[PDB]
Every structure is written in structure tokens, then in C-alpha cells.
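Peer 1: to kick things off, part of the complex as it is:
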Amino acid sequence: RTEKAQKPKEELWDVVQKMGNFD
Amino acid sequence: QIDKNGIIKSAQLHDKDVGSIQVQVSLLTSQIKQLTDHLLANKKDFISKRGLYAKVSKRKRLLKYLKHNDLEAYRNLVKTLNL
Amino acid sequence: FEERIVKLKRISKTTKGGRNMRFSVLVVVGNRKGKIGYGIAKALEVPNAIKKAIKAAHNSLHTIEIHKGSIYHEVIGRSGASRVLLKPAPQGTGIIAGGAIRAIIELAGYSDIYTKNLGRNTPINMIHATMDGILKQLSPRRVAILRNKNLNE
């Protein structure tokens, strides 16, 4: 279990997302 | 299974022990005597020979580490009884 | 880019009836501004192989970023067991390397770079290894921005 929670930063949506609006 | 409950419960190094250096080496030497008697009765048993060498050398390195590890927790079984 | 014949491979095999003699031509092109490429072409007819090589040469145009006009961090390329190691050099010793190595480095827009060729001399495999080494150069912008503490170092 965790007792010391430092550096709040997590990785849950590790699936790629890229290539926005393209003409 | 020669001895499993004799020496590790009748002898308490620290406050309480279920597995330790000296209880293990005492049980190991009891099985060593048993296996030496067995191989004297039956000379062609080599698996016991290799197991005995492993057991005695593991006991030797047990004692070697326990030299520095604890001040004095090994002066009960550092010897051998086979002569 | 320039459609220049570089390497001629004399390859051959046999079948049940007739022998297939092919000539894979290897051509390397570049503009020295970053757009560089290489290509091998296989065909029974030499003119057809040359046409295939030309097609690959003018279609494989890929740009390599000009970092500082030379190499600043060591890179080793190994693609096909032909080691090509790079070591930054003073800007006055000139382009000291193999003839093909000097040619490709000069055509890539860089010079004055220490090179180490390990293995045996074979053109296409060494070219693949050099390409693999070229595709290993780093950039500091992403490694700087993506940090929680935004800084290059």
C-alpha cells in the first residue's frame, strides 16, 4: 500500500492520439 | 524425513526460532550421520554423497557469514562427528 | 535527384530450363540540404533496372535535419552486421573516411567527422547500416519540453 504520495502524475490514457485536422 | 520437529523446537537460539542457522545445521548434521550410516550400509548411493557435500558446505558458509553477522551465535555446532 | 549509376551487381541463378541473370543497380542521391536517399533496383533488363533505380531515387527523397553542420553526439549504426561508428572531429581535419563514406557524408551536407568501419567491405549492407546510424540522431526540443521541469539539461 502507499503511505507517501509525492509528485502527483499518473499514466492511465497511454494510448496514442495524434494527427489533428488535415486538409 | 529423519528429523523435522526435534532439534528446531527443542533448541531456541533467540527468543523463538522456526528456522535459523544453528538449528538448521544441527538437523543437517543429524541427517549427515543418518546418510553416512546409510551409504556405509549401501556403498553405491552417490546422490546422498552429493547432497551431503552440499549440506556440509552450506553449513560452512552459514558459519562463515555468521562469524561477522552476529557476535557469537555459532559456537554450538562447527565440528563434525564421523571418525 | 541526379540519376547517376553507382553500383552494378551481377546476380544470377538457374531454374529447370534457362538461367535467370539479373543486375540490381544501386543508386544513392542527395541534395546536401537534408533530402537524401538510397535505392537498389532489380530487373532482368539493364535499362529497366536503371529506370527502377531512377524511380526509387526521385521517390525516396527524405530530409535529415542539419543540426550544426557536423555530428555532436556519437552514433553507431549496425544493420546487417557492418558496424559504422561516428566520432565528432575538429573542423579542420577534413572529411576523413571511406570513399563511399566521404561521398555520403558530403552529399548529406556534413563533413569533418571521424568514422570507424568495422566488419567486412560489402556495399549494400554497409549502406543499410549507415542509414540505420543516420536514423539515430537526437533532438533536444522534445526532451526539454516533455520534462516536468522544462529544461534541456
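Peer 2: Now that the structure is in, tell me what you want to look at. Numbering: from 1, shown residues only, chains lettered A, B, ... in the order given.

Peer 1: ok, how many other residues are close to residue A:14?
Peer 2: Using other Cβ atoms under 10 Å in any protein chain shown as the criterion, residue A:14 is surrounded by 5 other residues. C-beta here means a position set from N, CA and C on the backbone, and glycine is covered the same way.

Peer 1: helix/strand/coil for it?
Peer 2: Under DSSP: H, G, I helix; E, B strand; the rest coil, the three-state class of residue A:14 is coil.

Peer 1: would you map the helices across chain B?
Peer 2: Under the criterion DSSP state H, chain B carries helices at the ranges B:7-10, B:21-41, B:46-69.

Peer 1: so which of those comes closest to residue C:113?
Peer 2: helix B:46-69 (54.3 Å; Cβ to Cβ).

Peer 1: near residue A:22, how many residues? Count them for me, please.
Peer 2: Residues near residue A:22, counting by other Cβ under 10 Å: 4.

Peer 1: neighbours around residue A:17, how many?
Peer 2: Residue A:17 has 6 neighbours, counted by other Cβ under 10 Å.

Peer 1: roughly how far does it sit from residue B:16?
Peer 2: Per Cβ to Cβ, to the nearest Å, residue A:17 is found 58 Å from residue B:16.

Peer 1: how distant is stretch A:13-21 from the center of its chain?
Peer 2: Centre-to-centre, stretch A:13-21 and its host chain are 11 Å apart (Cα atoms, centre = their mean, to the nearest Å).

Peer 1: can you tell me what sits against it?
Peer 2: Taking contacts as Cβ atoms under 8 Å, 6 or more residues apart in numbering or on different chains, no residue outside stretch A:13-21 touches it.

Peer 1: how long is it end to end?
Peer 2: End-to-end distance of stretch A:13-21 (Cα to Cα, to the nearest Å): 21 Å.

Peer 1: also put chain D on there:
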Amino acid sequence: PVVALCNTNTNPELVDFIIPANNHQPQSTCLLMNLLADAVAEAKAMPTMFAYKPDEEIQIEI
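Peer 2: That brings us to chain D, laid onto the chains above:
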């Protein structure tokens, strides 16, 4: 740009936008294809009947 599905034995990150949807199920590909089609058909001033409408299908594969 390429749009692809990912069903049982591949990474969902082999394309630009991620869609883990499936069409092997008989009742899936119907509404999947209808909703994909009516998401672009509006551009050409053409009928759009599965974008926010209650229209839906429950049919086996045929």
C-alpha cells in the same frame, strides 16, 4: 491518415485515431457502419439518419 479497428490480437495504437470497435459480431457492424457513414455524409449535403437520432437496427449478419 488511416482509421482502423482493433479487435482481439493487435495494438490499438497502429493508427492516428483510436477505435477499438468490432464488426465480427452480427449485431455490431450494422450500427457501426451506419454511424460511421452518417458522420461524414452530412458534408456532401446528403441524408444523415444515424448521428444523434434514435434510429437503430437489431439484425443478424446477412
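
Peer 1: ok chain D is loaded, check the contacts of stretch A:13-21 again?
Peer 2: Applying Cβ under 8 Å, 6+ apart, the external contacts of stretch A:13-21 come out as D:1, D:12, D:13, D:16, D:17, D:18.

Peer 1: and these, which of them are in strands?
Peer 2: Judged by DSSP state E, the subset of the contacts of stretch A:13-21 located in strands is D:17, D:18.

Peer 1: can you redo the contacts of stretch A:13-21 as TSV with distance to chain A?
Peer 2: Shown next, in TSV, are the contacts of stretch A:13-21 (distance: Cβ to the nearest Cβ, whole Å):
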residue	distance to chain A
D:1	5
D:12	5
D:13	4
D:16	4
D:17	7
D:18	5
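
Peer 1: may I see the PyMOL selection of the buried members of the contacts of stretch A:13-21?
Peer 2: Applied in PyMOL, the following selects the buried portion of the contacts of stretch A:13-21 according to 16 or more other Cβ atoms under 10 Å in any protein chain shown:
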select buried, chain D and resi 18
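
Peer 1: just flag the most distant two among the contacts of stretch A:13-21.
Peer 2: D:1 and D:12 (16.1 Å).

Peer 1: how many neighbours does residue C:71 have?
Peer 2: Counted with other Cβ under 10 Å, the neighbours of residue C:71 add up to 19.

Peer 1: got the residue ranges for the strands in chain C?
Peer 2: In chain C, the strands defined using DSSP E lie at C:7-8, C:11-14, C:19-22, C:25-30, C:35-41, C:62-63, C:76-77, C:83-88, C:113-118.

Peer 1: would you tell me which one of those is buried the most?
Peer 2: Mean neighbours per residue, mean count of other Cβ atoms under 10 Å in any protein chain shown, is largest over the strands of chain C for strand C:25-30, with a mean of 22.

Peer 1: what lines up beside that one in the sheet?
Peer 2: Partner strands for strand C:25-30, per DSSP bridges, with pairing direction: strand C:7-8 (antiparallel), strand C:35-41 (antiparallel).

Peer 1: sequence below should go in as chain E:
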Amino acid sequence: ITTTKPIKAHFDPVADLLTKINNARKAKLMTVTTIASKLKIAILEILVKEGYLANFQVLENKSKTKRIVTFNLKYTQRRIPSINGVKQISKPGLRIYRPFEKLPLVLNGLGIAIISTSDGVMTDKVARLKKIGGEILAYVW
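Peer 2: Okay, chain E now, added to the rest:
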């Protein structure tokens, strides 16, 4: 927050951590756990302050005397790892010692080096400011 099969005592914490990090980079793993080690706590903290590391948390079982430490190897939400590679200079069998005069840049100066000099771990670049040398443990970038 252990992954599975809690890690026993390896030959050295840094080697086990390196295996964990390489496996995280290879087999699509994000959060990895290691045996309790004060130097591990220090290096995780300094990597966090460096910006290449995500959350790190010390962990305890039913008891508090034993400990471990888990940490998320910093991954952006587009499947890229912040750490791309590691190297150890000092080794258990050969702790190479490099004084202040022996602190060069990291392969161009772009990378980060770490030294166990006097107390805790200090970056070679900041160790050169305090004219501090020591045994250099690892190169990372």
C-alpha cells in the same frame, strides 16, 4: 502497489532497477516496483526533480519494517517513455572512482550523470560546481 511476485534481494539495487526499467520500456509496462533502497529513493526523487520521472511512492506490507518502492516510469499519454536508455559506470565488482578533475560532459553534455560522492547522490554537473568528485554510478538522458 507492487506489480506481481514481490522483488527479493538482488545482488545490488541498481541492477534490479535497471532490469525493471528495461522491461518497462520493452514489454509496455508503466509502473514498476523495486526493493527498499535509500539510494533508490534518492535517485527516483532527483529524476522526478529532473522532469523525466512520474509519481514515486514507498510501499509497506502488513508490517512496516520491510519496505519497497514503486514508481511510474514517466509515460506521456501517447505511449512514449521519458527514459530511453541507461548505463552504469560504477559496478558492484568495480566501483570506479572519478575525482572532481574527472567529471566530463555526458556524451555531448546533453545527458545526466549521477555520482555517490559524500552523502546522497549528486549530478556530475552540480558536483563540478562544489569541486566534488566521487564514484559515478550511472549515465542517463
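
Peer 1: could you re-examine the neighbour count of residue A:22 with chain E now present?
Peer 2: Neighbours of residue A:22 using other Cβ under 10 Å come to 6.

Peer 1: mind checking the SS state of it?
Peer 2: With three-state DSSP as the criterion, residue A:22 reads coil.

Peer 1: my guess is it meets residue D:1, correct?
Peer 2: Yes - with contact defined as Cβ atoms under 8 Å, residue A:22 reaches residue D:1; the gap is 5.5 Å.

Peer 1: I'd like the distance between the most centrally placed residue in chain D and chain A.
Peer 2: Per Cα atoms, centre = their mean, the C-alpha nearest to the average position across chain D is that of residue D:32, at 3.0 Å. When Cβ to the nearest Cβ, to the nearest Å is the yardstick, residue D:32 and chain A sit 19 Å from each other.

Peer 1: contacts only, for that residue.
Peer 2: Here residue D:32 is in contact with D:21, D:22, D:23 (Cβ under 8 Å, 6+ apart).

Peer 1: of those - the most surrounded one?
Peer 2: Greatest neighbour count in the contacts of residue D:32, by other Cβ under 10 Å, goes to residue D:21: 15 neighbours.

Peer 1: so which residues of chain E form helices?
Peer 2: Taking DSSP H as the criterion, chain E contains helices spanning E:13-26, E:38-50, E:124-129.

Peer 1: let's have those in TSV, adding mean neighbour count.
Peer 2: Output for the helices of chain E, formatted as TSV (neighbours: other Cβ atoms under 10 Å in any protein chain shown):
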stretch	mean neighbour count
helix E:13-26	17
helix E:38-50	18
helix E:124-129	16
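
Peer 1: out of these, which gets nearest to chain A?
Peer 2: Nearest to chain A among the helices of chain E is helix E:38-50 (4.8 Å), distances taken as Cβ to the nearest Cβ.
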